[PDB]
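Enquirer: curious how this folds, go ahead:
(4 chains, ligands or ions: 12)
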Amino acid sequence: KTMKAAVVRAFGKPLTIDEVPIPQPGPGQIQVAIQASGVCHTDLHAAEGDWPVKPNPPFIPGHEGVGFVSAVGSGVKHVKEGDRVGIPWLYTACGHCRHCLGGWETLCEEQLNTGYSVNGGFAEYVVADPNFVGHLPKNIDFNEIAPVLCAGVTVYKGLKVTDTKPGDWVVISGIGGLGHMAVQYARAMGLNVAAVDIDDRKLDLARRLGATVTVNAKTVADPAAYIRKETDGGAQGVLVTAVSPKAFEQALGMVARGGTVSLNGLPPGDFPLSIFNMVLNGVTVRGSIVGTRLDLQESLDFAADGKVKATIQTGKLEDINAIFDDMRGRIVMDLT
Amino acid sequence: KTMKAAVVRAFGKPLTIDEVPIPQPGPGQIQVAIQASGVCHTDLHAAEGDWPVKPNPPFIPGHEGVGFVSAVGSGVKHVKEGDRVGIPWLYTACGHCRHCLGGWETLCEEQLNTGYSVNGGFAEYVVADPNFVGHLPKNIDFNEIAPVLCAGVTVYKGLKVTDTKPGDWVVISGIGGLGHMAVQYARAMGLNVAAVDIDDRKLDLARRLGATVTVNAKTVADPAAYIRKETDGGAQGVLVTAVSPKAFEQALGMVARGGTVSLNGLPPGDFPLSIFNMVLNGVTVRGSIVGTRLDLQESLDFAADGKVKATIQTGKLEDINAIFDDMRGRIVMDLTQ
Amino acid sequence: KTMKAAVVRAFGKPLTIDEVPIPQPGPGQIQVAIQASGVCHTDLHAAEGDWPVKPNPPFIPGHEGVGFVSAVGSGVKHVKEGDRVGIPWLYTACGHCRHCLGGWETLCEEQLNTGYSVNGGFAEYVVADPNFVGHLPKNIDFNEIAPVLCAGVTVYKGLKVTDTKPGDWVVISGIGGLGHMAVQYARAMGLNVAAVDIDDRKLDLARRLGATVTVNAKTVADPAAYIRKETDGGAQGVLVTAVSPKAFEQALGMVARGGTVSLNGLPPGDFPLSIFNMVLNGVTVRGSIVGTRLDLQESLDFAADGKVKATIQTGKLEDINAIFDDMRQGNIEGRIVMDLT
Amino acid sequence: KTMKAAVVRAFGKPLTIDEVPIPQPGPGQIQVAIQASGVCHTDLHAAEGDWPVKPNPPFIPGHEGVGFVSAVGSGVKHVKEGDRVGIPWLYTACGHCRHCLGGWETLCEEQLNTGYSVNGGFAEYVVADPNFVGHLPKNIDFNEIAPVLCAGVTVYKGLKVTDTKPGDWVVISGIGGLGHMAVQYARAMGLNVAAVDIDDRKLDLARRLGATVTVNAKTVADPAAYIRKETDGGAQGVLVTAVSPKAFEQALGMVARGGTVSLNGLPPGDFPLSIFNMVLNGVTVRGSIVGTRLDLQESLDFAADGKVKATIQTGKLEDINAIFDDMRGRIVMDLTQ
Ligand SMILES: NC(=O)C1=CN([C@@H]2O[C@H](COP(=O)(O)OP(=O)(O)OC[C@H]3O[C@@H](n4cnc5c(N)ncnc54)[C@H](O)[C@@H]3O)[C@@H](O)[C@H]2O)C=CC1
Ligand SMILES: [Cl-]
Ligand SMILES: [Cl-]
Ligand code: NA
Ligand SMILES: [Zn+2]
Ligand SMILES: [Zn+2]
Ligand SMILES: [Zn+2]
Ligand SMILES: [Zn+2]
Ligand SMILES: [Zn+2]
Ligand SMILES: [Zn+2]
Ligand SMILES: [Zn+2]
Ligand SMILES: [Zn+2]
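Expert: Numbering: from 1, shown residues only, chains lettered A, B, ... in the order given. Ligands and ions are numbered 1, 2, ... in the order given. Please find the structure below.
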């Protein structure tokens, strides 16, 4: 009784694909047989040991694992065998702090994070807290639902915290794995959608997915001015999904007075902010990643109802190191 | 036929106290006999020509002018001679844009600004738009009410946009002209208040005005860490009233996850922002200066009801250059000299 | 010298079509040559004297009058002859009270109301306050746009104050002039829509406009119980646009715990409220009145962009009494708009 | 082996003080040694079997029990023996529905209610779910903190859902067990407070607690008009703590346009609501009872900081039937004396 897993033995060094023991579920735990497993840029930073707070090698990355509940520990009510579930970034949270009690468990200072501070989905099996798994709709293929668990909920919640309403303009900055999803959520939320990127093929994709205003930030000299023109003075919201220094600076020129910039990236270093302009223009800048368990259910319901579909590129657990190179739509590893 | 006025005739040069004609109110305008006139850092930036959009010299600064209506122009309703009014930063706004129609006239792209793009209250008389003046409470002396027109409304609105509630912790960063008023608004809004400054005197003022936690940012090893400990993981709101590089950095370390930093200053240059930390911690950073006509009325009511009282240093119109040097509580010129 | 106008002379009696003087704009006013004029059930309530505060006959009803600016009074800025405008219920407001300053001018105690406390658009010309007219999208026909000036703006704002979010369920109660517009706004706002009425043709209209759940409250004893079943325990929002108090009473049973029932309809009298159920279930009931000038602009942009479209049949000013019979008897599909061209 | 408990053996019959087994904590549970136990009108309605969904007799009422954790079942992290805790109305909730996941566990369709659907605190021990107990501030006596668990949290959350802000006027209708606490929470929330009741003595108490505007609804012919005059046009919020036909009708007359009436009682029957008035005035009427776990913690912190203090009258478990007669400020049975 062993399983295949991609394991980070040491930071920076390529992951070894080893045969390890099948983790078993204690009380209050469950076991999931992973059918598909999405790859996020966060998994990259996990393997690099790049961030202030680091994993402890050896560990299995991955927080877009989806499959079937294969075993159920004692005490576990509700989640039964065969249940279709996903194991997202938020592995568990304390349940008693003011963040947890107020519907903001994503902020819990004692959370554990799947594929980071505990073993994740880059593997055939994973043990998880059933109180925090995502319940997946039956009508959506595993390869296709996997990205909702991080990219999808991230951009959905990101849009909610723009504080916009139907009829408003929202700018999606970056039409990659996160952004192509965000265009679809934004349309389903009744927003008029503008898209910004450096690649005309991605803007073409945004248009097909419902963006009605597009601008190429490399070939147009002043993309912020272009967006202000097309939105009568700027967008009420901007979601920045790929936070390069240029994208951030331009995002701040695209937002209308009183508007909100919502940031989803986890880039390194400091970025320059004109406090003068933020204050004069009454602008809000706000960070958001992932979402609460309720945000994730809501985000899954949009996929279930056909409003949101991820463009995916499929792969195998063995492609993990090449995948990470290609990174340096969404990649999902099919474990079938 | 003429009045005394402090005029900026050239950027960066001394203001002259000049005898200039008394502006007369046309249709839809009123005239105000100024009794007191507050001085703001914005006036200094107006006189220096520091900012990207500049005044057009010669002009009279001042957007904290308070006094009595002295003449009423054709067609003006309700306002009469003797009414107590102030002429704040927002001189007028278009009344038809989405910002104006939504009750956010402070954002109007066509606004004029008192003592910046039109003449202001550093003079014995001002012509104003009666739809935009502040209506002052009769029980508060002019010298004392003047600072509510810019400092008070700024920190009051700044606090409203921290998105906090009674019982939450808020930090007031900087206990100067703005900050000492912010302490009082914050306590009146049911907040628990922490104060941060670099001067123990200002911190003791904060305490007497209601702050139950104080920290000296220069004499403590890690002021942010100390604030987080005293507020059980950080403040739900942080109001930054004096925006130095260090105060901004420390402010971001003081906010709880999911919290909001409200910025009230107009410092030059760019400040470093860790997006990684903003995103991981779910933090909001928001700019807010002055406020709408309704924000100002609400701010004035707190003064009317004794909940907020400005500490003022009085001066004379003639002192205005000396006053600008001192700046390089609140300064208020008393025109009943 | 004169124009044609439909005038209420006495409550409950037929309106007469009379030649009256053309109103002339004074300072700060405009005149509008009316091209189309929506018939709102408020005009009927005003013609019947249904409400505790009544108009003062003789008056011209109509607050869904749309057309071209035909003259401009002294001092008026921006508006010019030929501009496409509508004169809605909120004719004017004071501009200085706390409601007006804080984005809630629809609550202003000094407002005047078009076709009620001032003469309205059941006439060839209206004199208006240009500060409060709707500015109409040029790509939409007058007959089609007219209902947005009240039916549209009202249900748009009514939906905003349900405090719902995309993906939530909303129930529209009463699929008439307001209600058929409400189904469409709700769908454009990202809501799933249930519809309730007392006539299967109105439920069919709802379904064609995007409702995916329907129930007939005249044939089904407990419509609320069917709604709850079809929405997993109730809708997060309910908009009552109906003209019967019993609708209001039954709406309270359609909302999920923590949900909000938004009230637009204005039948006379009271409905019984179970305070017990409201408190146990954490329910909100909220009255919603037309919309602010900003709400109106937003609501017009939906019609401009093709996201909503009023279902209309045109009539003539002379037919107003037959139109009121039709309205009273529930034989209007959507809205009747009088065409004055 | 056994314990004292007041047991409802049959609806509408006197409670029998019986000798019953001590409940034992299974896994995921704790046992609490009750020191004080507040009585609420809800306990009377439970005993009487008045409501559509009823208890299943025999049962022990009481959802304001406070005391010391006396044993801890297996699996229970965090909560320990000797911990100071209360067992409020919300005994448990499912933790997986949209209400529970959204921070609105008070609305959970699968909740159990202490002293109603499970045995409660009218006894020396109670078995509780540690995830849902209230953690009491160490500085407040048991008799004094008990009412916060229902009365206090009820009016606090009630006030939060008036959607008001500091400086607004709120009216507290009914100054009894709930309302005298409500006056104190409202003042601590920065509200200007008006009070309505039929008894000059309760209005005098409301004044001592911070209400500046008072009216006797029995001796003043038109109390709503009085309140409208005194609040310059109506209150932005009204909290109705005792919901009679007359108090409801008057509350709706006291609210400004766009204001909010928050209802805290569970009265029988139907109440007339004018549709025309609700719509033209843009009024909100909303129901609220008790609160979430977070709401309760917040309400407890106000008690801990001395901003809210319940007036209590003490009694004994054996008095319960006499207490209910008296019923048909807050009564708290002291189980130590
Ligand atoms: N609050 C506000 O701002 C506004 C309110 N109104 C009011 O809204 C109401 C509706 O106006 P319109 O749409 O023009 O009327 P309409 O006559 O076009 O539609 C009324 C609809 O209510 C339905 N209905 C009647 N009894 C019902 C019941 N028991 N259950 C469900 N549906 C029922 C009818 O079948 C009809 O479909 C009127 O009272 C009117 O005065 C109108 C405009 C604005
Ligand atoms: Cl495509
Ligand atoms: Cl949609
Ligand atoms: Na695991
Ligand atoms: Zn936690
Ligand atoms: Zn991720
Ligand atoms: Zn404007
Ligand atoms: Zn200023
Ligand atoms: Zn007004
Ligand atoms: Zn109407
Ligand atoms: Zn639940
Ligand atoms: Zn109770």
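
Enquirer: residues near residue A:192, how many?
Expert: For residue A:192, the count of nearby residues is 22 (other CB atoms under 10 Å in any protein chain shown). No exception for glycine: its C-beta is placed from N, CA and C like everyone else's.

Enquirer: swap in the one 10 residues further on?
Expert: By other CB under 10 Å, the residues close to residue A:202 number 20.

Enquirer: ok, stretch A:128-136 near chain D or not?
Expert: Yes - Stretch A:128-136 is in contact with chain D by CB under 8 Å from any CB of the partner chain, via residue A:131.

Enquirer: next, the distance between the ends of that stretch.
Expert: Counting by CA to CA, to the nearest Å, you get 15 Å between the two ends of stretch A:128-136.

Enquirer: which positions in that stretch come out as buried?
Expert: A:128-134, A:136 (16 or more other CB atoms under 10 Å in any protein chain shown).

Enquirer: do you know how far the closest residue to residue A:307 other than its chain neighbours is from ligand 3?
Expert: In this structure, residue A:307 finds its nearest non-sequential neighbour in residue A:188, 4.0 Å apart by CB to CB, 6 or more residues apart in numbering or on different chains. To ligand 3, residue A:188 is 5 Å away according to CB to the ion, to the nearest Å.

Enquirer: if we can go back for a sec, of the buried residues of stretch A:128-136, which belong to strands?
Expert: A:128, A:134 (DSSP state E).

Enquirer: which one of the buried residues of stretch A:128-136 sits closest to residue A:81?
Expert: Residue A:81 lies nearest to residue A:130 out of those, by CB to CB, at 11.5 Å.

Enquirer: leaving out sequence neighbours, find the closest residue to the closest one.
Expert: Nearest-residue entry for residue A:130: residue A:79, 3.9 Å, with adjacent residues in sequence omitted and distances by CB to CB, 6+ apart.

Enquirer: and the closest residue to ligand 9 within chain A, what does it touch?
Expert: Here chain A gets closest to ligand 9 at one residue, residue A:258, 22.8 Å apart by CB to the ion. Contact analysis of residue A:258 by CB atoms under 8 Å, 6 or more residues apart in numbering or on different chains lists A:236, A:281-283, B:99, B:104, B:107.

Enquirer: cool, residue A:306 as well?
Expert: Residue A:306 is in contact with no residue at all, counting by CB under 8 Å, 6+ apart.

Enquirer: check contacts around the residue of the stretch 151-300 of chain A found nearest ligand 3.
Expert: Per CB to the ion, residue A:190 is where the stretch 151-300 of chain A lies closest to ligand 3, at 5.0 Å. Residues near residue A:190 by CB under 8 Å, 6+ apart: A:165-167, C:166, C:188-190.

Enquirer: picking that back up, check the secondary structure at the residue of chain A closest to ligand 9 for me.
Expert: Secondary structure state of residue A:258, per DSSP: H, G, I helix; E, B strand; the rest coil, is strand.

Enquirer: who are the neighbours in contact with the nearest residue to residue A:69 once chain neighbours are set aside?
Expert: Ranked by CB to CB, 6+ apart and with sequence neighbours excluded, the top spatial neighbour of residue A:69 is residue A:83, at 4.3 Å. By CB under 8 Å, 6+ apart, the contact list for residue A:83 reads A:68-69, A:135.

Enquirer: quick one: the closest residue to ligand 10 within chain A from chain C, how far?
Expert: In chain A, the residue that lies nearest ligand 10 is residue A:167 (21.7 Å; CB to the ion). Distance, residue A:167 to chain C, by CB to the nearest CB, to the nearest Å: 6 Å.

Enquirer: and the residue nearest to residue A:130, how many neighbours?
Expert: Using other CB under 10 Å, residue A:79 has 19 other residues around it.

Enquirer: wait, doesn't it sit right on residue A:69?
Expert: Yes - taking CB atoms under 8 Å as the definition, residue A:79 is a contact partner of residue A:69 at 6.1 Å.

Enquirer: for the stretch 201-336 of chain A, what lies in contact range of chain D?
Expert: A:292-294, A:297.

Enquirer: who wins on neighbours among those residues?
Expert: Neighbour max across these (other CB under 10 Å) = residue A:293, 24 neighbours.

Enquirer: now do the helix or strand residue A:271 falls within: everything it contacts.
Expert: Secondary structure assigned from DSSP states H and E places residue A:271 in strand A:270-274. Residues from elsewhere that reach strand A:270-274 (CB under 8 Å, 6+ apart): A:243, A:245, A:248-249, A:252, A:285, B:269-275, B:285.

Enquirer: looking at the contacts of residue A:83, which is nearest ligand 3?
Expert: Nearest member of the contacts of residue A:83 to ligand 3, counting by CB to the ion, is residue A:135, at 24.1 Å.

Enquirer: partner residues bridging the closest one?
Expert: Beta-bridge pairing for residue A:135 (DSSP bridges): residue A:85.

Enquirer: what residues are up against it?
Expert: The contact partners of residue A:135, by CB under 8 Å, 6+ apart, come to A:83-85, A:297, A:300.

Enquirer: which one of these is nearest to ligand 7?
Expert: For the contacts of residue A:135, the residue nearest ligand 7 by CB to the ion is residue A:297; the value is 40.9 Å.

Enquirer: wait, what's in contact with that closest one?
Expert: Listed by CB under 8 Å, 6+ apart, the contact set of residue A:297 reads A:134-135, D:98, D:101.

Enquirer: before we move on, the earlier item: and the residue nearest to residue A:69, its phi and psi?
Expert: The phi/psi pair for residue A:83 (degrees, to the nearest 10) reads phi -60, psi 140.

Enquirer: and the gap between it and ligand 4?
Expert: Distance from residue A:83 to ligand 4, by CB to the ion: 17 Å.

Enquirer: would you list the residues of the stretch 201-336 of chain A next to chain D in JSON lines and tack on secondary structure?
Expert: JSON lines is the format used below for those (three-state DSSP):
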{"residue": "A:292", "secondary structure": "coil"}
{"residue": "A:293", "secondary structure": "helix"}
{"residue": "A:294", "secondary structure": "helix"}
{"residue": "A:297", "secondary structure": "helix"}
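
Enquirer: how many neighbours does the residue nearest to residue A:82 when sequence neighbours are not counted have?
Expert: Once flanking residues are discounted, residue A:82 sits nearest to residue A:68: 5.8 Å by CB to CB, 6+ apart. Look at residue A:68: counted by other CB under 10 Å, it has 16 neighbours.

Enquirer: just checking the strand or helix carrying residue A:68 against ligand 4, any contact.
Expert: Assigning secondary structure by DSSP H and E places residue A:68 in strand A:65-72. No - using CB under 5 Å from the ion, strand A:65-72 never reaches ligand 4; the gap is at least 9.5 Å.

Enquirer: where do the strands sit along the stretch 201-336 of chain A?
Expert: A:213-216, A:235-240, A:255-263, A:270-274, A:284-287, A:312-315, A:330-334 (DSSP state E, counting those that start in this stretch).

Enquirer: does the longest one reach ligand 7?
Expert: No - among the residues of strand A:255-263, none lie within reach of ligand 7 under CB under 5 Å from the ion; the closest is 10.3 Å away.

Enquirer: and that strand with strand B:270-274, angle?
Expert: If you take axes from the mean of the first three to the mean of the last three CA atoms, to 10 degrees, strand A:255-263 sits at 30 degrees to strand B:270-274.

Enquirer: ok, strand A:255-263: who's next to it in the sheet?
Expert: Strand A:255-263 is paired, per DSSP bridges, with strand A:235-240 (parallel), strand A:284-287 (parallel).

Enquirer: turn those into TSV, including mean neighbour count.
Expert: Conversion of the strands paired with strand A:255-263 to TSV gives the following (neighbours: other CB atoms under 10 Å in any protein chain shown):
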stretch	mean neighbour count
strand A:235-240	28
strand A:284-287	24
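
Enquirer: right, and the strands of the stretch 201-336 of chain A - which one's nearest ligand 12?
Expert: Nearest to ligand 12, of all the strands of the stretch 201-336 of chain A, is strand A:284-287, at 38.9 Å by CB to the ion.

Enquirer: hmm, stretch A:123-140 in reach of ligand 4?
Expert: Yes - legend: contact between stretch A:123-140 and ligand 4 by CB under 5 Å from the ion is shown at residue A:127.

Enquirer: brilliant, that's me finished.
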